[PDB]
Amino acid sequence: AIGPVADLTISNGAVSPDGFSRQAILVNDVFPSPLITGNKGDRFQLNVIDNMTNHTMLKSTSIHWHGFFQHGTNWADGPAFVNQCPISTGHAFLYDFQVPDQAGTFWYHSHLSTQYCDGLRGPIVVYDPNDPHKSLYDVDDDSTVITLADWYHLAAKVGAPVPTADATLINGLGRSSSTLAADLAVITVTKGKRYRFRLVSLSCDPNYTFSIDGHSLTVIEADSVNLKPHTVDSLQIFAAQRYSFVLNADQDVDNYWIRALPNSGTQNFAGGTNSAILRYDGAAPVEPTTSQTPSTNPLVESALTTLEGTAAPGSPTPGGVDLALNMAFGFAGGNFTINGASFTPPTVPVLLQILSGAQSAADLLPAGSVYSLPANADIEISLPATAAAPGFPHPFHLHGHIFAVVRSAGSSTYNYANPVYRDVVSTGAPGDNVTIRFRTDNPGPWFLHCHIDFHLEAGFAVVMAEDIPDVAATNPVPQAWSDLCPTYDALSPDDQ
């Protein structure tokens, strides 16, 4: 795969991943966006060259590298109007950052409006030559990356505000109810071998219930965090989450269905929709005729644990931290709210505001949406589910961090001893009180929001301004970053 040094040229073109042709966003002239890889310790140098001409899908762009801490490089995180101004068409921008202490499965996507839905999204893998799980599998390569994506026949700004997907794409391919003879993705394995499959949700909205006929899945990673191995027969993956699982190809040589059931839209597999094919070497090139058996051992988040059984930060009791925050969701006026405020992008990016002198949350715009966080501190955030926030379950994501999930959705228990750690978590349904903990070791403004992009567009977000007084000194910015704002602000509205 390309990387860790590469050019990413963004353009517009026609695509047909489900047999229906529509204009979309291409990356290096292809759809879906290409896999980028590197190795632990790498410095990534990704030059984003924006050549887009379609205003409906936005000519400007900004890319987030999902899951990377970006310590010292807050300016390269990606969220438009939080960490940068967008890159303007006809221009390029170098994202230069290092990943010294992480490895695993990640992804990249536009972080400007709902643009990633239009096609700017792909997988990233950072390999570990000393992976603690390397003995569990024989094959881990470009062909073991599996992506899941929602696809729409109308563009993000053309269809409804919260549209319903027309197809599920697996590795960029799938059928729609309108298409049924479209090509399906094929994942090939050789009997007797063990594979590390890296499952990445590039979803704008739906969650997927994933399973493979006749095979169990041994989960070993969640959102770039190494787990104790946990075997399941199905798993639910929310928007932006990642899981690595080992598959032992020990069944009979044949074709097996790979299934990804969405929580909305077409909720079945008729005609081969929401599916792909697991093909053993030797099997005829036909569709599977296997059947799905009931899942009796589904993945349960509260049962996952980190490889080392790391405790949650803080003391083992509710509120046992330095700063506890509660996020109260709401919806009014067609906009989502958190503690009464709806996020709207400011004219001046939050980072630039800080660099320009703002020293407190009350000095930062947008008002009421920014939270100051103390340095070197244990933080707890509770995100209680409520019907007052339609479209639940909302998968919340915190930038610049991994966090411990001390209470998961569908569970009433709290685990401070060995909870899973991850970066995207479902907040569940009314009755739930998903709670997370993390330590503030990364100065800068970090986005915290629902990863259903249509909800983020409707304001479902806040900014965590971590250790404000140290932001400038910790994150020196390149001249090219400083140039983004004047360039963007000079554009005609038609060229945004």
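Residue indices: 1-based, along the sequence shown.
Student: Averaging the C-alpha B factors as listed in the entry, name the stretch that ends up higher: 345-353 or 418-426.
Tutor: Here the higher of the two C-alpha B-factor means belongs to 345-353.
Student: In the PDB record, does 3-11 or 486-494 carry the higher mean Cα temperature factor?
Tutor: Higher of the two, by average CA B-factor, is 486-494.
Student: Considering only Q84, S275, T293, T305, which residue's Cα atom bears the greatest B-factor as recorded?
Tutor: Each of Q84, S275, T293, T305 was compared by C-alpha B-factor; the highest is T293.
Student: Return the residue from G265, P298, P161, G104 that has the highest Cα B-factor in the entry.
Tutor: Comparing C-alpha B-factors across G265, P298, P161, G104, the maximum falls on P161.
Student: Sorting the chain's CA B-factors, does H449 end up in the lowest, middle or highest third?
Tutor: For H449, whose C-alpha B-factor we compare with every modelled residue in the chain, the answer is the middle third.
Student: Taking only the Cα B-factors deposited for this chain, tell me whether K40 sits in the lowest, middle or highest third.
Tutor: It falls in the bottom third of the chain.
Student: Consider only the C-alpha atoms of the modelled residues in this chain, order them by B-factor as the entry records it, and name the third containing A465: lowest, middle or highest.
Tutor: According to the entry, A465 has a C-alpha B-factor in the chain's highest third.
Student: Within this chain, which third does the Cα B-factor at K191 fall in: lowest, middle or highest?
Tutor: Its C-alpha B-factor belongs to the highest third of this chain's values.
Student: Consider only the C-alpha atoms of the modelled residues in this chain, order them by B-factor as the entry records it, and name the third containing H64: lowest, middle or highest.
Tutor: Ranked within chain, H64 CA B lands in the lowest tercile.
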